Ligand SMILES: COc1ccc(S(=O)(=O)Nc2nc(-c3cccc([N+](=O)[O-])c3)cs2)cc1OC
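Just one chain follows, in the form solved without this ligand, and it is written as structure tokens.
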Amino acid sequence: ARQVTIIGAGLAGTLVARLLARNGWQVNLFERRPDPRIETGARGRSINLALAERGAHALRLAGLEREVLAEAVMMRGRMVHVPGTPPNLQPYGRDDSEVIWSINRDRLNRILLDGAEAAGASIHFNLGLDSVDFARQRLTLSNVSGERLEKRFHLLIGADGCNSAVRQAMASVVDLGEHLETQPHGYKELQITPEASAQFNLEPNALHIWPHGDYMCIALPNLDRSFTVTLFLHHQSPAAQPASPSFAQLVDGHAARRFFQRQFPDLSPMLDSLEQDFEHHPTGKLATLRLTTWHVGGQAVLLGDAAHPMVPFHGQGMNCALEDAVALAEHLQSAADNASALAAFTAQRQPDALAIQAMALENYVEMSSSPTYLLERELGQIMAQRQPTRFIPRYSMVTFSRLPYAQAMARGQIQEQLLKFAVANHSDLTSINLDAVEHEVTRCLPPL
């Protein structure tokens, strides 16, 4: 039986562990944190993620989709909140088959851990990877107390997240050709209780957005009608705009309250614990990290956040990581040898990871910001109605299909250009020759 050591029992790590273990691989998974399935008296906080077709399909292949979806809230559309207009629901798709699912990350991770163990993988918690000796094929792990443990390895999978220790160890034997693009927005998680969301009639079956240009809030629902609100705001005010809001200007929870009362007045009354959440929850950091190299011969490979940290503005990081896990298990299972598997996996996934990284950055302006754009959306709807197998909005291709991200991006760009061109020099849709735009659609977009 082929052997594999996986670092990180997160989303990608535990999925790849199940896929490989059920194919008869001897799987050992090392995780720095304690086992979250071991109930303690610690007061844990709920963070939700948007699960879309890519992630759901990866879970479906693993035989875990039903179990995960039983614990997920359906999000039928986007609810945009702008003061002075009632909340506007933008349905995500044609019907309830085109939805996104809000899932608690901890619940998802527990289901995944059970799945990897049921398949035969062994999971070792409270052991963080410290270093790797590639030449000797040994690695060093330690608990929180710094007590060390050395292990021999045959194949090493770095599923250890955005601050990957495997990636850091690889960067000592190979030049990974890493390019870090820092992101100016920090984030803070705030809570809306079930009583508050019910009192203010906040729709449970939708993804909620409070756009505000350079900053914004998003809320995802929980099974119990509570919501996790995420504020995206610059860490610091720029040199050009010193008065512009930033985390540096919000000295404490009381400053955060005044800021919400002024900038998010319809949201502030729903945030009962705003002050407390602001001071006790740390401000998170965002970034995009692109690597030229994801593997060291047949010895080690990266996937998920370890390979391609991305900004969260498209809610695709977990979706992409689960898609990566399927691809990596498929390549490893069927390749001539591990070195061939790792090279084929990297060649396949690298263009798609770059595409979602670019699309995630672009989605921010789409969410947080129109005149000509409403005419573009109107024309886009008609083109999707006339040619549903050719004109598929980029958001739908990314969220509701398994089309390679690079293909969704390339087709999205053709669509964006046709719409921009068609509406230019036109006041309304009546002056636009719909058949001529349709002719460009049939000419430039092959049916799917």
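The first residue of the sequence shown is number 1, and the count goes up from there. Definition used throughout: the rigid core is the maximal C-alpha set that superposes within 1.5 Å between two forms.
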- By Cα RMS to this form in 7 other deposited structures of this protein after fitting the core, the stretch ranking higher of 189-197 and 319-327 is 189-197
- When the core is superposed, where do the C-alphas shift more in 7 other deposited structures of this protein: in 277-285 or in 348-356? 277-285
- Note on the structure: Per the record, the count of deposited residues between residue 292 and residue 293 that have no coordinates is none
- Mean Cα B-factor check, 17-25 vs 433-441, entry values; winner is 433-441
- Item | Residue stretch of maximal mean CA temperature factor, 307-315 vs 86-94 | 86-94
- Message: So if I compare the CA B-factors in the entry for 238, 128, 115, 161, which one is the largest?
- Response: 238
- Between 254, 349, 331, 208, where does the Cα B-factor run highest in the record? 254
- Message: Please place residue 264 in the lowest, middle or highest third of its chain according to the CA B-factor in the PDB entry.
- Response: middle
- Message: By the recorded C-alpha temperature factor, relative to the other modelled residues in its chain, which third is residue 134 in?
- Response: middle
- Message: Ranking the modelled residues of this chain by C-alpha B-factor as given in the entry, is residue 201 in the lowest, middle or highest third?
- Response: middle
- Message: Could you place residue 34 in the lowest, middle or highest third of its chain by Cα temperature factor, using the values in the record?
- Response: lowest
- Position of residue 364 among the chain's modelled residues by C-alpha B-factor, lowest, middle or highest third: middle
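Just so it is clear, the following notes concern the form solved in complex with this ligand, a form of the same protein that is not shown.
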- Query: Which single stretch, out of 235-243, 359-367, 289-297, 169-177, brings residue heavy atoms within 4.5 Å of this ligand in the entry with it bound?
  - Reply: 359-367
- Note on the structure: The listed residue (281, 151, 254, 78) that reaches within 4.5 Å of this ligand in the entry with it bound by any heavy atom is 78
- Note on the structure: In this chain shown alone, the residue from 376, 330, 214, 71 with a heavy atom within 4.5 Å of this ligand in the entry with it bound is 376
- Heavy atom of each of 193, 204 and 227 within 4.5 Å of this ligand in the entry with it bound: no
- Item | Proximity of residue 381 to this ligand in the entry with it bound, heavy atoms at 4.5 Å | yes
- Determine whether any heavy atom of residue 90 comes within 4.5 Å of a heavy atom of this ligand in the entry with it bound, and answer yes or no. yes
- Message: Contact with this ligand in the entry with it bound for residue 65, defined as at least one heavy atom pair within 4.5 Å: yes or no?
- Response: no
- Query: Is residue 419 close enough to this ligand in the entry with it bound to count, meaning some heavy atom within 4.5 Å?
  - Reply: yes
